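K.L.:
Below you'll find the sequence and an experimental structure to go with it.
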Amino acid sequence: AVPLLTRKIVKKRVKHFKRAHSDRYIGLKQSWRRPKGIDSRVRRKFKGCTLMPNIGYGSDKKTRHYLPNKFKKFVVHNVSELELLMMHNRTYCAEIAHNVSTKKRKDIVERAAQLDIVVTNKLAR
Amino acid sequence: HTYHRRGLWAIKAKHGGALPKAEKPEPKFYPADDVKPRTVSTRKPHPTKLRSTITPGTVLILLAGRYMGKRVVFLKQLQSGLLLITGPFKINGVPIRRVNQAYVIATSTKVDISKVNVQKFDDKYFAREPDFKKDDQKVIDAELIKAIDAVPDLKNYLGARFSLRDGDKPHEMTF
Amino acid sequence: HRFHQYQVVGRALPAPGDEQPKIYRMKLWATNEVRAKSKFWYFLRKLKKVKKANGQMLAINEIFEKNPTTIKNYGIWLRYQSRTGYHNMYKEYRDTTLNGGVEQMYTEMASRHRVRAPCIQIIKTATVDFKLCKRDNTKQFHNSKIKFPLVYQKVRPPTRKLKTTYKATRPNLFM
Amino acid sequence: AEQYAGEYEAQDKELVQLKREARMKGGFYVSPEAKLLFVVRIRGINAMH
Amino acid sequence: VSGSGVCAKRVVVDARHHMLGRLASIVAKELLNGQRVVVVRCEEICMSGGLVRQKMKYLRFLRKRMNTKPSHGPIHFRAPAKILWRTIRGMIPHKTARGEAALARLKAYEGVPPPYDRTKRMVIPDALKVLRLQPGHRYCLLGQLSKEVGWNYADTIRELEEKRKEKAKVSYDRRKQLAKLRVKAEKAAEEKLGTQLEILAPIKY
Amino acid sequence: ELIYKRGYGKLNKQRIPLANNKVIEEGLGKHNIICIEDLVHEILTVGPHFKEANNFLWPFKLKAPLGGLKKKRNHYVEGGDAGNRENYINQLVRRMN
Amino acid sequence: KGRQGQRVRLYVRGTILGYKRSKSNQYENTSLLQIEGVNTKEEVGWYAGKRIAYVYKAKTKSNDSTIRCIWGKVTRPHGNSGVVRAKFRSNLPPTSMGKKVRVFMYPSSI
RNA sequence: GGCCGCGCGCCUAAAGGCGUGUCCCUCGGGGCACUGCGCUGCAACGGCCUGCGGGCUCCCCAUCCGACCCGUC
RNA sequence: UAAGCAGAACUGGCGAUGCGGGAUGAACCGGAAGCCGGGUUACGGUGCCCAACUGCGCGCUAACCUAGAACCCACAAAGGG
RNA sequence: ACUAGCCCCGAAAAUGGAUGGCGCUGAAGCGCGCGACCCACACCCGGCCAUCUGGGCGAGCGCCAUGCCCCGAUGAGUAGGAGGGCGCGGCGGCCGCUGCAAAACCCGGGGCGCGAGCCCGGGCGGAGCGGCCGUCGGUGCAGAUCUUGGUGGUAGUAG
RNA sequence: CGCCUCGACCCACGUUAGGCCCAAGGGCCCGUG
Ligand SMILES: [K+]
Ligand SMILES: [K+]
Ligand SMILES: [K+]
Ligand SMILES: [Mg+2]
Ligand SMILES: [Mg+2]
Ligand SMILES: [Mg+2]
Ligand SMILES: [Mg+2]
Ligand SMILES: [Mg+2]
Ligand SMILES: [Mg+2]
Ligand SMILES: [Mg+2]
Ligand SMILES: [Mg+2]
Ligand SMILES: [Mg+2]
Ligand SMILES: [Mg+2]
Ligand SMILES: [Mg+2]
Ligand SMILES: [Mg+2]
Ligand SMILES: [Mg+2]
Ligand SMILES: [Mg+2]
Ligand SMILES: [Mg+2]
Ligand SMILES: [Mg+2]
Ligand SMILES: [Mg+2]
Ligand SMILES: [Mg+2]
Ligand SMILES: [Mg+2]
Ligand SMILES: [Mg+2]
Ligand SMILES: [Mg+2]
Ligand SMILES: [Mg+2]
Ligand SMILES: [Mg+2]
Ligand SMILES: [Mg+2]
Ligand SMILES: [Mg+2]
Ligand SMILES: [Mg+2]
Ligand SMILES: [Mg+2]
Ligand SMILES: [Mg+2]
């Protein structure tokens, strides 16, 4: 429907915390790992080095988990799970699960149009 | 720095204010979320203050828009707060327009416009929605060209655009 | 003025031994009153045997120049500490106030002898008639037909708005 | 508040009269010692005794 | 020190009788701010301290050299314009691309080669020797120092500069005749339109 | 000016702005200090309830002094900042408040 | 002289010097700008609040135009000699330092 | 630089605002005041909306500033 | 003899700590810290590198020894003119 | 004659060299002042996240009460401790998906979360898989001259 | 040297213990569409 959220969504950091030295080594993955070496520049927070996540970066409680379309996401797998958003259609949007087939996607997209529930990936498959 | 609510009087407004008890005033749909209804706001936003150097008949240089630098005579300040200006349309080709108080500079040169009628010109006249506009413009210059001819060289002054040249410091110029 | 002259008055705390102690006065040069009282208690402790904890501060008053529009000759007797030892010296100055002479004295000691303000004790200040001046460079300005040119002009714009990085010709200056 | 405001004056003024009278008869009037301080910390909290 | 702010295509500075390090300081700020600077007559720049002090300073600099490969080591330029170029480079972050671009906006010459012989050459007031140095203290000219340490084009610079000054002296005589003609013209044109120019009288200088 | 612009009370160990007189009443009313003028009078004229009034005041959080200092490392009589200035604390309060 | 181009000039030319800086770090949220003719901190106050435009030519066309604009305003003086601090909608690219900026008079108090 | 919750149930006035009675204050004109119930998210205007438009947490490059290789004793 | 040596007393610090200054540096000076916007300071500075005066004012110095130029600190003496 | 400021002599090492460099001589040096300015993650005001402190909410029109709302202060961390979460594989239950295409894998695709991670899109592939509650475990890798396997530069070189 | 598939306006030398000056702090330009 029309999103009920009116407070502007601000992000303290639209940027990922990539694991230190994952650029240097192919086998190191980008998922954050807290450095723990005794001499670590990144652990010791020298300027110019990789940044470390902390609780001060957290987002406003009123706007956290809201998608860019100002709705909050709920993943459905069939029609019955989609019926649960009819009373929350102004605050929640529906995403059809990744493994739901094209036949059932038609049924969920039809029922959500009747109920005025927004489906984020209704044009898929 | 006046304290309007300096005294607990509140009765110089409603002197005969001893009045009786107030009388307080199907949806066909229920919105599923308690949304406070939107009523019109009862706040008066205190209309904008005119710059003290802008007085009726004073000359203005336009600072932006398609008429940037046009030397123009000031007529009136509209209810919305935009100044009413005319070129006049004969000398510099600037028609009757309303301009923001910013984007103009008030010079110290003045013109008498006392015997000029600018009454039908107001915010509604400029509502976004022409032959009669040509007539109104035509009948407002001939009431103003003569007063421009009254002062020597004022006609060629109003028909020239203001510009900054080499070595010109806008923060030192008197205007 | 950087330096001010103060008259500081104090005494030892009235005790049953005396109960009407003697009064002590000093003329001290300081930048404000708090620094004048501290220097007073410094000399009372070292010259008499009364320190601030056993004493009372009675009065503090600033002395002013009688005629700050004439030029006086000012002699100063001082005590200063060098890197190796203590020495006393006599200095002479020309100023419209004795405040200027004391500022001159402190500046000269800092330059010619690298002596800072703490290492200086003003023994005596006075005004000297031009007949009795002792140091040269004070008598040579007692000429009634004093005449000379200005050999260093300091070519500069007046108010820093007229400053430019480049100029079209070299300055002409003469004396 | 009226009483306090008028008490700040006649206290400053009285000290002006007392000092003048002391000079009038040739003496010194000693002002009462200060009873109040305002104290502000000017150094940080590192390396403290 | 900030830039001139004069925002021209290029400023031509007559370097004669300026202090070397004070001139280089101002020019370096101009180049770093985006101005193109052309410095002419770099052979007559002045350095405080006479020839002897300045000459041994260069000789100590001439001592510096990479022991294992001198053509890699410091390059010791002998000309006055390249000496001033290196003095300015020392005041610029020249190993960055910004300082590389800044130093590319500087042109330095000995004498006044064309077309700058017919353009306007300015001066820097706070680099001029007459305002910077006491009249009794020693100093030397850049060309004299350069001549002492290996520069060999001082004679051709001097011969060219004499030829230029002859041509400028003739152009000066012609300009004086045209100025006297101009003053007569403004005198005759003053009465012919005497009434119109009344408003110019109080601001006539 | 210190108590008006930077006045905070201690109510239940909490730092409460003295925006109205009810805060001062509910803090120091039992000592016959009703409003912000009584509080100012008690502090300025050190009275029978200075201990209760002063301790009720949360320590003032002054800004960095506009215009700077001279030398925080030595005394005021040496040309620095530390120590007793006795009247020039008012000039210092002007720039820190 | 018969010239072509702009007929009037209602702006003064500023040059971008850089960023708010110390000896060891820099801040893009404010730029340092030198305005022609402004030589003192005192006469900077006239220009405080005045709108500023940085004009550069991009590589593609956007509205059948190859020129882009970034808008800012003069915020305060910087130092004693007329340099000013300016805030733009987006931080200026460091490549723009040394280039020209246009200082208008659009918000006028006089 | 960040924020957007007085006004009307009397009249006139674009609107800011003015207009009642009482006691006191003097030296011309104000001051402190009547206090009765209710309702109670600041505005104006513009350009644009399928486009060479807007955005981007993605990719590449440029520039300025910052930046020494991790683990270990 | 001394040592960036070896050993004790009180306190602080580094180790366990980033950040601003001392060009650079575990310990020196300032100051300790969630992610940010605006204002102002500390130490230290305002010719360029480098943000901020070639600012206002008085003297001293002339180094034909690489004159001199920031606590710790990166040296200088007796003695001479 | 003595005294003390700056300056000079006294004053010699090995790569070429360092008031940090360029340079500076009514200094851009030394001593002493004045006014402004620059400038830290320090101080002040404001927003947001978390920790801690203190409160409000039933003859309930009443609530993930393990919730929501209000108030104030606070936020460095090796060794170490603890809490709350993320992920892997089973078992007991519950709720589902999939030949109208499951798992795995790939992608300058789009997002959510401070983060561990998660969700979706497009492709490949062709038969299985997931989420929630409880419980259990051979349960999370960058190092160990770590194990096994595969692959580089060296290198079209030594020869 | 040979051979060809945003008005971007402005020229004195020289000296400052000297050549009216005491900064281009000027001058010029329809500067006006
Ligand atoms: K080890
Ligand atoms: K499980
Ligand atoms: K050829
Ligand atoms: Mg994110
Ligand atoms: Mg899928
Ligand atoms: Mg300390
Ligand atoms: Mg600078
Ligand atoms: Mg050679
Ligand atoms: Mg300030
Ligand atoms: Mg300081
Ligand atoms: Mg200390
Ligand atoms: Mg250890
Ligand atoms: Mg360690
Ligand atoms: Mg700030
Ligand atoms: Mg100077
Ligand atoms: Mg050092
Ligand atoms: Mg000796
Ligand atoms: Mg240095
Ligand atoms: Mg905060
Ligand atoms: Mg912590
Ligand atoms: Mg640990
Ligand atoms: Mg790839
Ligand atoms: Mg699984
Ligand atoms: Mg198992
Ligand atoms: Mg295992
Ligand atoms: Mg492995
Ligand atoms: Mg490991
Ligand atoms: Mg190995
Ligand atoms: Mg192997
Ligand atoms: Mg191999
Ligand atoms: Mg071979």
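P.N.:
Ah, there it is. Numbers count the residues shown, from 1 in each chain, chains lettered A, B, ... in the order given. Ligands and ions are numbered 1, 2, ... in the order given.
K.L.:
CA atoms for contacts and neighbours, from now on please.
P.N.:
Noted.
K.L.:
neighbours around residue 44, how many?
P.N.:
Just going to use chain A. By the criterion of other Cα atoms under 10 Å in any protein chain shown, residue A:44 has 13 neighbours.
K.L.:
wrong one, chain E
P.N.:
With neighbours defined by other Cα under 10 Å, the count for residue E:44 comes to 22.
K.L.:
Distance of it relative to residue E:15?
P.N.:
7 Å (Cα to Cα, to the nearest Å).
K.L.:
Now for the closest residue to residue F:69 other than its chain neighbours: which residues touch it?
P.N.:
Distances taken as Cα to Cα, 6 or more residues apart in numbering or on different chains place residue F:81 nearest to residue F:69, at 7.0 Å, with adjacent residues excluded. Under the criterion of Cα atoms under 8 Å, 6 or more residues apart in numbering or on different chains, the neighbours of residue F:81 are D:42, F:69, F:70, F:71, F:72, F:73, F:74, F:75.
K.L.:
In PDB, list the C-alpha atoms belonging to stretch A:47-65.
P.N.:
Taking C-alpha atoms only, stretch A:47-65 is exported to PDB below (Å, rounded to 0.1, in the frame of the first residue of the first chain):
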ATOM      1  CA  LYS A  47      45.200   5.900  11.500                       C
ATOM      2  CA  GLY A  48      44.900   5.000   7.900                       C
ATOM      3  CA  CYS A  49      44.300   1.300   8.600                       C
ATOM      4  CA  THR A  50      41.300  -1.000   8.300                       C
ATOM      5  CA  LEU A  51      38.300   0.000  10.400                       C
ATOM      6  CA  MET A  52      36.800  -2.300  13.000                       C
ATOM      7  CA  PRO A  53      33.000  -2.600  13.600                       C
ATOM      8  CA  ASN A  54      31.600  -1.500  16.900                       C
ATOM      9  CA  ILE A  55      28.200  -0.800  18.500                       C
ATOM     10  CA  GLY A  56      28.400   3.000  17.800                       C
ATOM     11  CA  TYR A  57      27.700   2.300  14.100                       C
ATOM     12  CA  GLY A  58      24.300   0.800  14.800                       C
ATOM     13  CA  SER A  59      21.300   2.200  13.100                       C
ATOM     14  CA  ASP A  60      18.200   3.900  14.500                       C
ATOM     15  CA  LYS A  61      15.800   1.500  16.100                       C
ATOM     16  CA  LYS A  62      12.800   3.100  14.400                       C
ATOM     17  CA  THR A  63      14.200   2.600  10.900                       C
ATOM     18  CA  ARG A  64      16.400  -0.500  11.300                       C
ATOM     19  CA  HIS A  65      15.600  -3.400   9.000                       C
END
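K.L.:
where does chain D come near chain F, residue by residue?
P.N.:
Proximity of chain D to chain F is assessed by Cα under 8 Å from any Cα of the partner chain, with D:1, D:4, D:35, D:36, D:38, D:42, D:43 identified as the residues in range.
K.L.:
which element is the nearest residue to the first one once chain neighbours are set aside on?
P.N.:
Spatially, and ignoring its direct neighbours in sequence, residue D:1 is nearest to residue F:37 (6.0 Å; Cα to Cα, 6+ apart). Counting by DSSP states H and E, the element that carries residue F:37 is helix F:36-44.
K.L.:
just checking, what packs against that helix?
P.N.:
Contacts defined by 3 or more Cα pairs under 8 Å, 6 or more residues apart in numbering or on different chains; DSSP states H and E place helix F:36-44 against helix F:50-56.
K.L.:
what helices or strands is the helix it packs on leaning on?
P.N.:
In terms of contact count using 3+ Cα pairs under 8 Å, 6+ apart, helix F:50-56 is assigned the packing partners strand F:8-11, helix F:21-28, helix F:36-44.
K.L.:
excluding its backbone neighbours, what's nearest the residue in chain C that chain D sits nearest to?
P.N.:
At 5.8 Å from chain D, residue C:58 is the closest residue in chain C, using Cα to the nearest Cα. Distances taken as Cα to Cα, 6+ apart place residue C:10 nearest to residue C:58, at 4.7 Å, with adjacent residues excluded.
K.L.:
how about that neighbour, phi and psi?
P.N.:
As for residue C:10, its main-chain torsions (degrees, to the nearest 10) stand at phi -160, psi 180.
K.L.:
Give the bridge partners for it, please.
P.N.:
When bridges are called by DSSP bridges, residue C:10 pairs up with residue C:24, residue C:57.
K.L.:
now the farthest one out in chain F, which residue is it?
P.N.:
Most distant from the centre of chain F: residue F:78, at 26.7 Å, with distances by Cα atoms, centre = their mean.
K.L.:
Now that residue: closest residue in space, sequence neighbours ignored.
P.N.:
In this structure, residue F:78 finds its nearest non-sequential neighbour in residue C:35, 8.0 Å apart by Cα to Cα, 6+ apart.
K.L.:
Wasn't that neighbour part of a helix?
P.N.:
Yes: secondary structure assignment (DSSP: H, G, I helix; E, B strand; the rest coil) places residue C:35 inside a helix.
K.L.:
just checking, it touches residue F:83?
P.N.:
No: with contacts defined as Cα atoms under 8 Å, residue C:35 does not count as touching residue F:83, sitting 11.5 Å away.
K.L.:
before we move on, the earlier item: out of the contacts of residue F:81, flag the one nearest to chain G.
P.N.:
When the contacts of residue F:81 are compared for distance to chain G (Cα to the nearest Cα), residue F:69 wins out at 18.8 Å.
K.L.:
That closest one: which element?
P.N.:
Using DSSP H and E, no element contains residue F:69; it sits outside every helix and strand.
K.L.:
neighbours of it, just the number please.
P.N.:
12.
K.L.:
so what's residue B:11 closest to, chain neighbours aside?
P.N.:
Excluding the flanking residues, the one nearest residue B:11 by Cα to Cα, 6+ apart is residue B:17, at 7.3 Å.
K.L.:
tell me the contacts of the residue positioned nearest the centre of chain C?
P.N.:
To find the centre residue of chain C, average its C-alpha atoms and take the closest one (Cα atoms, centre = their mean): that gives residue C:102, at 1.2 Å. With contact set as Cα under 8 Å, 6+ apart, residue C:102 has these partners: C:3, C:29.
K.L.:
part of a helix, is it?
P.N.:
Yes: applying three-state DSSP, one finds residue C:102 inside a helix.
K.L.:
Residue C:81 versus that one, what's the distance?
P.N.:
As judged by Cα to Cα, residue C:102 and residue C:81 stand 17 Å apart.
K.L.:
Helix, strand, or coil at the residue farthest from the centre of chain F?
P.N.:
Secondary structure of residue F:78, reduced to three states by three-state DSSP: coil.
K.L.:
can you give me the helices for the chain?
P.N.:
Going with chain A. Counting by DSSP state H, chain A has helices at residues A:41-44, A:79-83, A:102-115.
K.L.:
The chain in question should be chain C.
P.N.:
Using DSSP H, the helices found in chain C span residues C:33-47, C:98-112.
K.L.:
Of the ones you listed, which is nearest RNA strand I?
P.N.:
Nearest to RNA strand I among those is helix C:98-112; the distance by Cα to the nearest atom of the strand comes to 4.2 Å.
K.L.:
quick one: terminal-to-terminal distance for stretch F:84-97?
P.N.:
Its first and final residues considered, stretch F:84-97 spans 19 Å by Cα to Cα.
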